[PDB]
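One structure below.
Throughout, protein chains are lettered first and strands after them, A, B, ... in sequence-line order, and every chain is numbered starting at 1. Hydrogens, waters and symmetry mates play no part in the numbers below; they use all other heavy atoms, side chains included.
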Amino acid sequence: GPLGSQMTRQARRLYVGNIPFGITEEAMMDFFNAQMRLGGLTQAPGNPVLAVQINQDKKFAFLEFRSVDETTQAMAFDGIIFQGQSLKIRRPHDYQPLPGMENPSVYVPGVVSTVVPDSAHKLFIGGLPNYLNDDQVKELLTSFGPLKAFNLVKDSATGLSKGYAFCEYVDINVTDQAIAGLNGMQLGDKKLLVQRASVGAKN
RNA sequence: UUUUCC
């Protein structure tokens with residue numbers, strides 16, 4: 001396709017964090033192009049993603065899309081698992097739009113957002129073995145019920161899990177079922193702490 | 001063991 005209109009560029013790019021180690025710009029493009037078409041979120045011929053720039057330190061990427069609306073749609077993939085990792089999809093910090101009718105137009109089945117706001121039933125899960133990737137922890141929690149939001153905390157320099165995560169169930173009543181099923185679980189030198197995150201949050 | 005450029 002043609003080059004993108006320059007005055008919509010800020011509205012045609014997204015930050016993508018927590019990318020897989022060793023990923024190429026081509027592999028990232030192919031993943032997003034395929035997911036958008038498989039989800040019915042692109043119907044026009046041709047690829048919705050024009051380019052991917054992976055930062056020199058290889059921890060995040062910026063994606064550029066051919067249209068403003070497809071960029072907004074791609075926000076709905078926040079949290080999608082790619083090679084075991086929860087992709088963190090966000091607006092560029094210098095994107096300042098737009099009040100009226102910037103949020104994804106349609107939801108993507110099975111994708112769980114990484115944005116976990118503090119709230120009544122937000123859970124903290126601590127003591128997790130650090131060999132478990134984002135996918136496996138998400139699966140541990142999804143056993144109890146579908147998730148609305150989830151993030152596993154990792155070291156920003158090594159990519160290794162720090163052994164704790166946060167989540168929110170779709171059904172608020174699943175919260176207590178997950179606590180009963182996981183809190184106090186013993187794993188060698190570690191014991192899971194599973195409780196509403198408000199109970200132990202720093203002040 | 002309270003989410004990371006141009």
Side-chain angles (χ1 to χ4, degrees), chain A residues 3-6 8-21 23-25 28-29 32 49-55 57-65 71 74-75 77-82 84-95 111-135 137-138 140-141 147-168 175 178-179 182-188 190-201 203:
Chain A
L3 318 176
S5 147
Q6 217 67 14
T8 62
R9 184 172 174 279
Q10 224 155 263
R12 284 191 297 101
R13 296 173 80 248
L14 296 177
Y15 164 91
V16 185
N18 193 33
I19 65 175
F21 176 68
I23 201 73
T24 68
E25 290 171 355
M28 288 278 295
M29 264 207 291
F32 273 91
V49 181
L50 296 182
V52 175
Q53 177 68 42
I54 292 171
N55 178 255
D57 283 348
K58 314 264 161 262
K59 294 179 184 162
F60 66 90
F62 274 79
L63 274 44
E64 180 169 340
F65 299 77
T71 305
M75 287 285 291
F77 285 110
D78 174 49
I80 188 165
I81 295 293
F82 187 33
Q85 313 219 158
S86 304
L87 300 185
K88 310 284 180 77
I89 303 179
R90 307 279 187 277
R91 290 294 183 174
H93 288 329
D94 68 348
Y95 173 84
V111 174
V112 173
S113 172
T114 65
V115 173
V116 192
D118 290 355
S119 76
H121 304 294
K122 177 175 175 171
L123 277 179
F124 170 79
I125 307 96
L128 293 159
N130 71 11
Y131 53 75
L132 296 171
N133 69 10
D134 298 334
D135 198 22
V137 176
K138 185 160 76 69
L140 178 77
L141 299 168
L147 291 165
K148 183 175 187 201
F150 163 77
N151 74 293
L152 176 64
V153 177
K154 296 182 171 181
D155 184 294
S156 58
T158 68
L160 175 62
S161 167
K162 285 194 121 222
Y164 54 93
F166 301 86
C167 76
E168 183 186 350
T175 312
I179 290 167
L182 298 174
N183 185 46
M185 191 154 296
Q186 187 73 225
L187 282 143
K190 294 233 251 153
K191 191 164 170 209
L192 295 191
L193 179 55
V194 181
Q195 64 187 13
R196 284 168 178 82
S198 62
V199 174
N203 313 277

### Message
With hydrogens left out and only the distance checked, is there a donor-acceptor pair under 3.5 Å joining A:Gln195's side chain and the base of B:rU2?
### Response
yes
### Task
Using whole Å, report how far CG of A:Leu147 lies from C1' of B:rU3.
16 Å
### Query
Could you give the CD1-to-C1' distance, from A:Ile80 to B:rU3, as a whole number of Å?
18 Å
## Note on the structure
From the candidates B:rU1, B:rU4, B:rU3, the one with an atom nearest any side-chain atom of A:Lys191 is B:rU1
### Task
Please evaluate the base of B:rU4 for a donor-acceptor partner in the side chain of A:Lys59 within a cut-off of under 3.5 Å?
no
### Task
Rounded off to whole Å, could you give me the CG-to-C1' distance for the A:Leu152 and B:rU1 pair?
12 Å
### Task
Output yes when a side-chain donor or acceptor of A:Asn133 lies under 3.5 Å from a complementary backbone atom of A:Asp135, and no otherwise.
yes
### Message
Using the six-membered base ring of B:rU1, report whether A:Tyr164 stacks on it, requiring centroids under 5.5 Å and planes under 30° apart.
### Response
no
### side chain to side chain contact (heavy atoms under 4.5 Å, CB included) partners for A:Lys154, two or more places apart
A:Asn18, A:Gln85, A:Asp134
### Query
Nearest to the side chain of A:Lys88 - B:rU3, B:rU2, B:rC5?
B:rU3
### Query
Would you say the side chains of A:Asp78 and A:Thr114 form a donor-acceptor pair under 3.5 Å?
yes
### Message
With a 3.5 Å distance limit and no angle check, can you tell me whether A:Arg196 reaches the backbone of A:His121 through a side-chain donor-acceptor pair?
### Response
no
## Note on the structure
To the nearest angstrom, the CG-P distance between A:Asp134 and B:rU4 comes to 14 Å
### Query
Looking at the side chain of A:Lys154, which of B:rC6, B:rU4, B:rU1 is the nearest nucleotide?
B:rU4
### Query
Quick one: A:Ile89 CD1 to B:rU4 P, roughly how many Å, whole number?
14 Å
### Task
Tell me which of A:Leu128 and A:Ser156 sits closer to the 5' end of RNA chain B, going by the nucleotide each one is nearest to.
A:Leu128
### Message
Of the listed nucleotides (B:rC5, B:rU3, B:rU2), which one gets closest to any side-chain atom of A:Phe166?
### Response
B:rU2
### Task
Provide, to the nearest angstrom, the distance between the CG atom belonging to A:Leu182 and the P atom belonging to B:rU1.
18 Å
### Spacing between A:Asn183 atom CG and B:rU1 atom P, to the nearest angstrom
16 Å
#### Entry: Non-neighbouring partners of A:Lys122 that pass salt bridge (charged side-chain N to carboxylate O under 4.0 Å, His left out), sequence neighbours left out
A:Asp118
### Task
From the options B:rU3, B:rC6, B:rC5, select the nucleotide whose nearest atom is closest to the side chain of A:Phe60.
B:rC5
### Query
Quick one: A:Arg90 CZ to B:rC6 P, roughly how many Å, whole number?
20 Å
